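Student: I need the structure of the sequence given here:
(9 chains, ligands or ions: 3)
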Amino acid sequence: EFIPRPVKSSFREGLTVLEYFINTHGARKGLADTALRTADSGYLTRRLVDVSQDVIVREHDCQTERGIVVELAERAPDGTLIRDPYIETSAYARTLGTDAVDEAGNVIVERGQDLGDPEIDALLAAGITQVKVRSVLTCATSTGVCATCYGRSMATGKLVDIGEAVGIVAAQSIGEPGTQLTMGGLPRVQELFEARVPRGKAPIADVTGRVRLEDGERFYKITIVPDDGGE
Amino acid sequence: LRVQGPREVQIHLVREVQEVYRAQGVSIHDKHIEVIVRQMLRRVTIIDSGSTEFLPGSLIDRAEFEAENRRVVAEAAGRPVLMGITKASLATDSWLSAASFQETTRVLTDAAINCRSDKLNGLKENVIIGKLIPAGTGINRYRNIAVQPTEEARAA
Amino acid sequence: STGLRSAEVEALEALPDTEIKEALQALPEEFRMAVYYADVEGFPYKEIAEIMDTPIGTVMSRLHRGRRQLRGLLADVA
Amino acid sequence: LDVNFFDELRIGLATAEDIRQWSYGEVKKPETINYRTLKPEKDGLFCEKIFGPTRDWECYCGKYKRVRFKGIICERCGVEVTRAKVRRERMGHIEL
Amino acid sequence: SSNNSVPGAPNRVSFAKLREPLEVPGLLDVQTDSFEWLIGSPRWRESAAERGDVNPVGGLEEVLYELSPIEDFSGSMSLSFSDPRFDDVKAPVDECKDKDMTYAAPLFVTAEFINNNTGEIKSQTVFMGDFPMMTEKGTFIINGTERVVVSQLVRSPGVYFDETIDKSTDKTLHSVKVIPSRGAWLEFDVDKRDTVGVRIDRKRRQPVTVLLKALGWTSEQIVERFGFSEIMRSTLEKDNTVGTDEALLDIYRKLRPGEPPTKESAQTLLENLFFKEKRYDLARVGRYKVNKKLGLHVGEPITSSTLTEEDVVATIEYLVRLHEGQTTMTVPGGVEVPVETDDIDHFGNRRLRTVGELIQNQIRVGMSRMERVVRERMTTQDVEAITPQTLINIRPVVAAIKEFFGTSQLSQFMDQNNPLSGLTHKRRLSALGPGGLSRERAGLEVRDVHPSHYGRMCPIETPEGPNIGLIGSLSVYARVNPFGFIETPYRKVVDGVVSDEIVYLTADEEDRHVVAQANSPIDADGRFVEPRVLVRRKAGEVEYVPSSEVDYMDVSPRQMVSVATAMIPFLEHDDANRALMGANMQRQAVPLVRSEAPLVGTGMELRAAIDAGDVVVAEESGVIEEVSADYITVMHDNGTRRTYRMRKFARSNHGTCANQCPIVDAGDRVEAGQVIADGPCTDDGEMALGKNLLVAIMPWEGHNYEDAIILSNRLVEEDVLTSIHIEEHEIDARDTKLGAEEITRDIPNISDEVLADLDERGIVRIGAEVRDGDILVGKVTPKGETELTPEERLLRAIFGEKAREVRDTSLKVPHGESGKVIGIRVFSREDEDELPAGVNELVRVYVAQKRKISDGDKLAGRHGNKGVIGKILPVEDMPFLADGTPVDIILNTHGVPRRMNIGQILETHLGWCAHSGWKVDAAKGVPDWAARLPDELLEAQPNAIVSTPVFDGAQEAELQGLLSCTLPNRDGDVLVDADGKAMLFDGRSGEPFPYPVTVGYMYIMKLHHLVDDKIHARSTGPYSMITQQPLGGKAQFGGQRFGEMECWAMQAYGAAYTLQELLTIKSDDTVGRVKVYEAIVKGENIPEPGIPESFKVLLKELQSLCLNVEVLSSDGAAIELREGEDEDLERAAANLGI
Amino acid sequence: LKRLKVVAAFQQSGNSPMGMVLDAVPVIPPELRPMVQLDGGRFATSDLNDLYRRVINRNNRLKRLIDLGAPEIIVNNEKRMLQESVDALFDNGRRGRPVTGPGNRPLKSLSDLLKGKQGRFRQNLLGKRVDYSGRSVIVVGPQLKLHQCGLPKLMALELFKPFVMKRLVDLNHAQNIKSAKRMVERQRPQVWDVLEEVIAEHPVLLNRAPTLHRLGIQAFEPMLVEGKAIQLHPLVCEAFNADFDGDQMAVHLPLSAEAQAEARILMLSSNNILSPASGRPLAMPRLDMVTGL
RNA sequence: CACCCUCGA
DNA sequence: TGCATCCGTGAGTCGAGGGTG
DNA sequence: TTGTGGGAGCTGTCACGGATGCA
Ligand SMILES: [Mg+2]
Ligand SMILES: [Zn+2]
Ligand SMILES: [Zn+2]
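Tutor: Numbering: from 1, shown residues only, chains lettered A, B, ... in the order given. Ligands and ions are numbered 1, 2, ... in the order given. Provided below are the atomic coordinates:
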């Protein structure tokens, strides 16, 4: 919690006795919480390394036409489009499977390009708001993954070589800034990666239909009448 | 998974994990989380054993399921599953990797009962036995390169 | 008894003495084989004679004379 | 002696026949070693007769002490005269 | 200011705003008072009788009273113990440290035996054993090493209630446990279902009504007391049986699984479990706690302290009413006791066992094991042929004392880096250990700072590592209650009038009152000037209260602070992390050849140094009669003499040098308590842990980048950071299976040049200079006939020189170690010396090194600002002031502001102020800033000695004013402006640096982390004979671990051949490593790696578990992993000339 | 389903369930359960030997009871005790309270040799101690290039000991190789002028724990420096998370040509400039440089 | 050999 | 035979110094 | 191989999943 009495003094003026005694509590709590957080991070990193160490690049191209749709930008009612913040983590460093239609004949990208910064800027200037890219999820590689579906290598900047073991690199990349997650936090990451039924379970819609809300006392009741004619 | 299909659960999990790592303000590209998620959907549950020797409810590889279906359709109710990284690591084909990872006693008992023979082709397996790992410079196409000067340079 | 041996010590013990070796080479092959089967390995005299398919007298005489030659040739104690 | 190029590794339950086949002998006594002489006791947990000789090419009672007599077994103590490096690969057994 | 309580103490003018109404107590009393209570010393006798306790019972006296008498089964004979007496010490402290003995004294007891049948009495004096004694420094000597017994934090015995939310139903469940000082626990828990179960000795939960009826309470009598509570009624409705004897036999059937029951044995066992003082004992602390928590008896009768039935009924009623929650609770006879759950970490419920109580608890086990043998011999020995001597066996008592002082977690190797480290180690409080909590049970809640730690346990000083919060230093003014509770002093206030009466309060007695603050305004009459005062409340509530409700007031600021923490100037200007780091790094500073008291300090250095013990203090007033580098002889006023011997170049436990030097001259008159000679880190009486260095705060060519530090080469040339490090090497000649070893100079195959520094014995000569690999002691060992090489066998058979066959096992100097040989100690078996079995001779050689400051050595100030030395520039390259004075150390700017230790900048400003001196402008009175604090600080000469007490001392405005009064240098120039900065000149180019840089004087320490101790490398060395991997540790010349994460990194790189080389030919391959060495020596290519031996070990260990593991070939063929027999003989026969 | 998962495995190619019961207990060789000598005639106790000793004692007492015709109650007690002792030998503490030793410590069972962080797999198979490796405190040394590092003279001499011995025998400083070893150990001044030659273009690996990503190990070209500290380029700190508040780093020496090539090409310092996680620059000017610019 | 204590990043 | 309980897993890396059984 | 005799230690950890044992 937060104590109702704060530490009003600055460390230039010098804290009083009680201000110092109260600050020490939080200081030591933070030290101990970091001591536990680093261990949890190490455990998760080890589990990821073990679950992903059979994932290496084993061929040049999956040749699959499947992919994942990435959102490059969304637009206001005004002509100005807002740049999607995920471009660096979702769109950048990918290879696309379907060329940008651009609403005209102009195909702004060839199938399999690097999608570097100039490609992203050219797609944003043309007015294309969504793209489809090759994804490691939709690869049909028999063993491991393919270089073209994976994307460029972050370190080298070029297309990933074959011998690269992207599984361990991915586990390290995910687990290295693990000691920075503070309190919905790192336990949430563990709950997701361990495929656990969440603490607070919010159900989803089972089928398209018309909803019916029933408000009782501390207990709701939602009933959806489906379109297929079933129960 | 059971409502919207696996290609949607992959997006959901990647989005949630990246949502946490962005709430803390960390630049992690989605491809790493996708590489991790890909291994959580590599198995399927058998509802009806059918003509194969799979036990129902047991988790078998998807490619293995399809390939052994082709062998028995030449002479089968599979449902995609989402399992945790621990349960996926313990379900590997190499008993040595599973024994070195976690829960050694149980893994060893189960492997002895089923008389498991480890194919001995994995990163951790080759590490344990002291063999060149099957990655990087250990891949066959890289490790068996032949090198000799050209004749034009051999003359000089 | 045996210490904690490094690969360095193990590889260096596998090398020849280079001083007793020369003295063994200076003796004729007969004296050399005689003293090898007598003092190095530890065979009895009759067994050494059976190995060399020669009588006892020649084995013993070669042993004694090669011993004297090696004693006069080495003369190195520490 | 090994090129680290083999196909597979196999595990399974070992039968009592496999256990006795592995073993080079049976331990009958809880004794470890004679404390006055620092020598292993016969039919014990460290017995040289079943496990192997502690010193290279040396039997228990001291009859054969050199590499000259190798591969043979001393008839007075039953100790095989060979390298002591076999004391880490020769298992025993206990008949219950 | 003067602080003249210590005679001859140097004058350290203080910025203290307030006056000290109570002085710092004996810093070592936490050890000495406990030990003196254990012994029964006249000091403790007078103190206890004077302190108000007219019940003097020593620890040994208590154990003997509890043991006496020892009656037999027949009741015919009895043995009583009395009068614990100590004979004089066996050997002095230095003698015991020299001869690997334990400083001890004999223990005698008067053992009176009485035979009732014949009615005869035989007293005697029996020898109990050698009781190890505590030195004057509060430490022990065990087997020649100095040790400290750290006080252990343990929960006090008593009844404790706790609140636990339900796992599923969320319904709050209240549990309670009764924990004795010794005996069986007693737990009472409520369940999810409305049942009240009693868990006795952690057996299956039985209904509480079973125990109630087992005590004899009938059904109608049991329903009455718990009538208002329906949970007890609901449990009685769900009860299994109903009755007294049936409940007794039910308890017996529960407590003993697989046993036919009986009502007689049931009654006897249930009575013996909790109500017999033999098997069960609630200590005086436990009885006090239960009588204060249940209000059973207020007349304070200490007798009958074992699980009274009314106490059990009162605990059950407390629990059932706690589920309700009524404040007022009164058992029949009780007195208005509140109902609430107990805080386990509150220092009222968390006591500490000091050294005396731990030794007493070990002696208790020893004496019980002795009593067993006593009663065993009573039956088998013929009467009238027995004496108290024959009945008593002192073997288990000696074994228990030895086991405690040797293997207990609370007996610790003393930290002897400097006086401060040991002083804090003796006042340290540890939570782990036997009797308390283990490490896996140490949750985050036990480690946090508690409000009851205020003035008892310092919150700042605690380790950073996995022992964080589990280890904490006692507060300055605190002391330990006879019950084991930590008390603290407060000034009593009477209707807003603060008095000079000091009262010591425990954690319980403090939460009942209102404690004021030390910095509250107080007039000369002793009353609060302000109408309201800021105070602390029961639960740690800080609030403003009118001055008429104040009960007590803090005796001083820094009352919540430890010794080490109270030595950080401007503590309140530092965050707790860096303050903790500074307090922990003050104990890691090494002693330097010359000590230098800090230019800016606190009031703690003086008394901390004198109470540490490494300083020489006069026991009685007199005139010095003689002074030598070896001793000081004083002549008292009554004619008696006294002499103090000097520790000269004495090695510490951690290799630091303990050296003492006299600070008095012949003819001087010294008072009782004055410092006569300085210790390792003492300068004229005060803790001098480091040096005052001229520091400039600026980035300099990246050599101070990222906490690196730049030093002036002057510090190397003048030896201002040079220290002395002594190391003790040891070797023994003993007996082997082939014969006896001999220490001799005659070494086979060694030149006479290498043995040049050896005497006739083969020992190096005193004063010789030895380097890496030099011989210290020559030793030869009878050579095993089996390992005789074929060449050696051929030589011994040809020449027949079968005389004095040996091999070289001589002691050598480890890698990276050199220095001058200081001394040689030698013990022989020919001469009568105590040596272990088969050890004929033992020789120790002491080597000292003068280490100057160097690259990579670790420096640090008092504010948590640490750093290694990146570059030491020549004195010309160093930036210098206007008058050509070069700075000594350059600390980078980027470090300071982000760590939140601004105290270093203030220390630097005040250090320049004290180095150059000042004079406040007296024209037109005293300025407004210099009016409040400074009285004698209005002027100060150059190199003045000043102190800024923490939570007191120099205010920011006063430092700002002093920065203007800076006296000029010898040339009339004021080098430092009022901003604390100065124009420096780049000593490399010459052009002056553009902007002014903050310069001043800072106290810098030399931490005990030096490159000479840490650098290590290993091409090839020893291997562990089990897994055949390289050994570990710099001392064993071991290799570096390539852990799992390193292999992950190597794989992520894809460097397969590197990873294989690291795991096969560098670690495990027994034929591949020698092959690699042979290939590198002959300049050939590196061969192909083989199979790791640890994998073969794994296979064999799997086979040990009845697991048939077999490596298969390409197609189902069993592969044999073996050696090859004749692969070695070919090269041998070839190099012998076959 | 759960029961069939067990039965169907036994239903194949012999593999009788009889193996789950033992008529003979295998004994691990003595070298894997050593016994060393202490001071005063004391001996060290391998827990495995104590467990085997309890098993053998109880088996012998059981045989002596059988032959003596004891009451079946006592023989059953002895059979139960033998079963429990074998259970402890195989996995102690798995069932019931563990078997204690000196100080009530649980005896390390045969299962403990493989379980846990310090078992065989994780402690001796996945990671091992290596030869030709050392460690030391790191200092900054901003003068060297990105691909270089400062290596103390003593460290470099110890690491390349066989290389410097070979080069000392190449030239006539040493007559034979054993004299070369003695000369290197005595640190005679002829070695140093040789050392600088054998170091040229021979990369080393620098590692700092915890190795969180692959950049925690990087290859550098060693430059001989004076002192006992490892000079570390100020740009790689962001990759190593290494400050100079007392940090230590370890040096590994690759020997084989493939390993040296992997160091020069795959692990070279100047080759890894970008974070493999986000592609952002890591060798970028970090704090001081920043202000300087 | 195993276990324990303290400490460093 | 339907769950609540109990039990059996897992919980950071590397390094330095000192002990004893 | 004979009047009597029953341990030392400790829960002061938290989260999770699935076989176990019971109502
Ligand atoms: Mg650091
Ligand atoms: Zn693909
Ligand atoms: Zn024999």
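Student: ok, residue E:741 - contacts?
Tutor: Counting by Cβ atoms under 8 Å, 6 or more residues apart in numbering or on different chains, residue E:741 touches E:733, E:734, E:735, E:779, E:780, E:781, E:782, E:809, E:840. Yep, even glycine has a C-beta here, placed from its N, CA and C like the rest.
Student: what does the stretch 51-200 of chain F put close to DNA strand I?
Tutor: Within the stretch 51-200 of chain F, the residues that sit near DNA strand I (Cβ under 7 Å from any atom of the strand) are residue F:104.
Student: list the contacts for whichever residue of the stretch 51-200 of chain F sits closest to chain D?
Tutor: Nearest residue of the stretch 51-200 of chain F to chain D, counting by Cβ to the nearest Cβ: residue F:53, 4.3 Å away. The contact partners of residue F:53, by Cβ under 8 Å, 6+ apart, come to D:30, D:32, D:45.
Student: closest to residue D:23 among the residues you listed?
Tutor: residue D:45 (13.5 Å; Cβ to Cβ).
Student: helices of the stretch 651-800 of chain E, start to end?
Tutor: Taking DSSP state H, counting those that start in this stretch, the helices of the stretch 651-800 of chain E run over residues E:714-717, E:790-798.
Student: need the winner for burial among those helices.
Tutor: helix E:790-798 (a mean of 18; mean count of other Cβ atoms under 10 Å in any protein chain shown).
Student: contacts for stretch E:250-264, please.
Tutor: Under the criterion Cβ under 8 Å, 6+ apart, residues E:200-201, E:203-204, E:206, E:210-211, E:214, E:240-241, E:245, E:248-249, E:265-266, E:269-270 lie in contact with stretch E:250-264.
Student: and for stretch A:9-17?
Tutor: A:7, A:19, A:23, E:517-519, E:554, E:557, E:560, E:570, E:572-575, E:900, E:902, E:951, E:956.
Student: dihedrals phi and psi, residue E:617?
Tutor: phi -120, psi 140 (degrees, to the nearest 10).
Student: repeat for the one 4 residues further on
Tutor: According to degrees, to the nearest 10, the main-chain angles of residue E:621 amount to phi -60, psi 150.
Student: cool, and the one 5 residues further on?
Tutor: Backbone torsions of residue E:626, given as degrees, to the nearest 10, read phi -150, psi 150.
Student: ok, it - contacts?
Tutor: E:632, E:633, E:666.
Student: show me the residues you listed that map onto strands.
Tutor: E:632, E:633 (DSSP state E).
Student: need the buried ones from the contacts of residue E:626 selected in PyMOL.
Tutor: Per 16 or more other Cβ atoms under 10 Å in any protein chain shown, the buried members of these correspond to this PyMOL selection:
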select buried, chain E and resi 632
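Student: and the residue of chain D nearest DNA strand H?
Tutor: Closest to DNA strand H within chain D is residue D:32: 14.2 Å, counting by Cβ to the nearest atom of the strand.
Student: picking that back up, quick check: buried residues in the helix or strand where the residue of the stretch 51-200 of chain F closest to chain D lies?
Tutor: In the assignment (DSSP states H and E), residue F:53 maps to helix F:47-68. Of all the residues in helix F:47-68, those buried under the rule 16+ other Cβ under 10 Å are F:47-56, F:58-59, F:62, F:65.
Student: between these, which is nearest residue C:57?
Tutor: When the buried residues of helix F:47-68 are ranked by distance to residue C:57 (Cβ to Cβ), residue F:49 comes first, at 56.3 Å.
Student: up against chain C, what does the stretch 151-293 of chain F have?
Tutor: Residues of the stretch 151-293 of chain F lying close to chain C by Cβ under 8 Å from any Cβ of the partner chain are F:161, F:162, F:176, F:177, F:178, F:181.
Student: now chain D
Tutor: So far as Cβ under 8 Å from any Cβ goes, chain D lies against chain C at D:55, D:66, D:67, D:68.
Student: ChimeraX command for the buried members of those?
Tutor: This is how ChimeraX selects the buried members of the residues of chain D next to chain C, with burial counted by 16+ other Cβ under 10 Å:
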select /D:55,66,67
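Student: about what we covered before: can you redo the contacts of residue E:626 as a markdown table with distance to residue E:194?
Tutor: Putting those into a markdown table (distance: Cβ to Cβ, whole Å) gives the following:
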| residue | distance to residue E:194 |
| --- | --- |
| E:632 | 78 |
| E:633 | 81 |
| E:666 | 86 |
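Student: pick the one among the contacts of residue E:626 closest to DNA strand H.
Tutor: Using Cβ to the nearest atom of the strand, residue E:632 is the member of the contacts of residue E:626 that lies nearest DNA strand H, at 31.2 Å.
Student: for that closest one, which non-adjacent residue is closest in space?
Tutor: Among residues not flanking residue E:632 along the chain, residue E:644 sits closest, at 4.9 Å (Cβ to Cβ, 6 or more residues apart in numbering or on different chains).
Student: now the one you found: which helix or strand?
Tutor: Residue E:644 belongs to strand E:641-645, assigned by DSSP H and E.
Student: how about the helices of the stretch 651-800 of chain E in a markdown table, adding distance to ligand 1?
Tutor: Converted to a markdown table, the helices of the stretch 651-800 of chain E look like this (distance: least, Cβ to the ion, whole Å):
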| stretch | distance to ligand 1 |
| --- | --- |
| helix E:714-717 | 24 |
| helix E:790-798 | 53 |
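Student: which one, of those helices, ends up nearest to chain C?
Tutor: Using Cβ to the nearest Cβ, those put helix E:790-798 closest to chain C, at 3.8 Å.
Student: need the contact partners of the helix or strand just after the closest one.
Tutor: As assigned by DSSP H and E, the chain's next helix or strand after helix E:790-798 is strand E:806-808. Contacts to strand E:806-808, defined as Cβ under 8 Å, 6+ apart, come from residues E:742, E:747, E:748, E:749, E:750, E:779, E:780, E:781, E:782, E:783.
Student: now a ChimeraX select for only the buried ones of those residues.
Tutor: Applying 16+ other Cβ under 10 Å to the contacts of strand E:806-808 leaves a buried subset, and the ChimeraX line that selects it is:
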select /E:742,747,779,780,781,782,783
